[PDB]
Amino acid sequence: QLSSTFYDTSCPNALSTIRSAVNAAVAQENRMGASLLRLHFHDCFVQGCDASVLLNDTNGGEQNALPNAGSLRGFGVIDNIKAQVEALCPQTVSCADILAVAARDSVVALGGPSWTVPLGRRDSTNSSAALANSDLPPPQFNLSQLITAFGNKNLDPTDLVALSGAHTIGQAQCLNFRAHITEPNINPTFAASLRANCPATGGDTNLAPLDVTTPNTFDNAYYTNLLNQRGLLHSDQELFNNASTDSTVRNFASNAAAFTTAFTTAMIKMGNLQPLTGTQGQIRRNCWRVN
C-alpha cells in the first residue's frame, strides 16, 4: 500500500520541506544525521514503522526501554520538522513517514546513497516497551543472535551486514562498548585508545565514534575497521570473526558500491516493516502524543 508519490497532491511541498530541515540539522551537527537514521531503525523494528517510538504521553513508553533510554536522540528535530509540515498541510503527513524520509535525507547529507522512500505509513496509537526490549539487538549479542533478531524481521544475513554499516556514522557511549575493550578480538592499540576515555566503571556516557576512520562520512570504512579489529561494539566485530559473514565484510570493504546498494536494499525492506495504512492508525498532529 506504500507509494513514493503518496503526497504528490495532498502535500506537494512536504518532502522538500523535510529535506531542507534535515540538511540544516545535519549541517548544524553531523551526528544528528546518524541519530535520525537510528531513530527510524528503532521505530521500524518495534511493531513496525508506525512512529511508536516517538510517543511520550501515557501511550508511550518505548523511550524508557533499555535499548532506548538515555541513548536515542533527535526527537526535537523530528518535532520541529513535523510542525513545519503541519503548517503547510495540516494533519496530512504522518510522523512515521517523516522518520523514514529524514533517515534517507540524513544518509545522503552525510555522503551516502539515496533511495526511493515509499510513503503512506500512518501513526500508531500505542507503543511497546516490551517489544523494544525483545526485538532490538543489544551490543553483547553474538552473530547467531544477531542473525536470529534480523531474521525475525525477515532480514537475511546480508541485510544484517549491510545495515550494520550504518555504524559508519555516529557515536556510542562507553557503557555500550566497554565490554569489547577487554575482549580477545580487538586490536590492542585501538583498545588502549578506547580505554583512555572509557573506564571499566564510571564514565558511562563518554562518547566514541562507531567508525574511528570517518565518523561523519557515510562510507564503507566501517568494514575496513572490522578487517583490522577496530570495530567498536562487540556486535560489530562479530561480523568479521572467522564467521559466515566474513566474506561479505571483505566484499563491502573492497567494493563500496556493493555496500551502498546492499544498504539501500536493506533500508527499503526495513522501512516496509508492518506499516499502518489506509485508515489504520492516525496522522498525529504532534508526534509525541496520540490525537
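All residue numbers refer to positions in the sequence shown, first residue = 1.
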Subject >> Entry-level comparison of average CA B-factors, 244-252 and 55-63, reporting the higher stretch >> reply: 55-63
Subject >> Residue stretch of maximal mean CA temperature factor, 134-142 vs 195-203 >> reply: 195-203
**OP:** Would you mind finding, among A166, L160, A179, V101, the residue with the largest C-alpha temperature factor in the entry?
**Re:** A179
Original post:
According to the PDB entry, is the CA B factor of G151 in the bottom, middle or top third of its chain, that is, lowest, middle or highest?
Top reply: middle
**OP:** Classify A262 as lowest, middle or highest third according to the C-alpha B-factor given in the PDB entry, relative to its own chain.
**Re:** lowest
**OP:** Sort the modelled residues of this chain by their C-alpha B factor and say whether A109 lands in the lowest, middle or highest third.
**Re:** lowest
**OP:** Rank-wise, by C-alpha B-factor, drop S127 into the lowest, middle or highest third of its chain.
**Re:** middle
Original post:
Hey, what third does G170 fall into on Cα B-factor, ranked over its chain?
Top reply: lowest
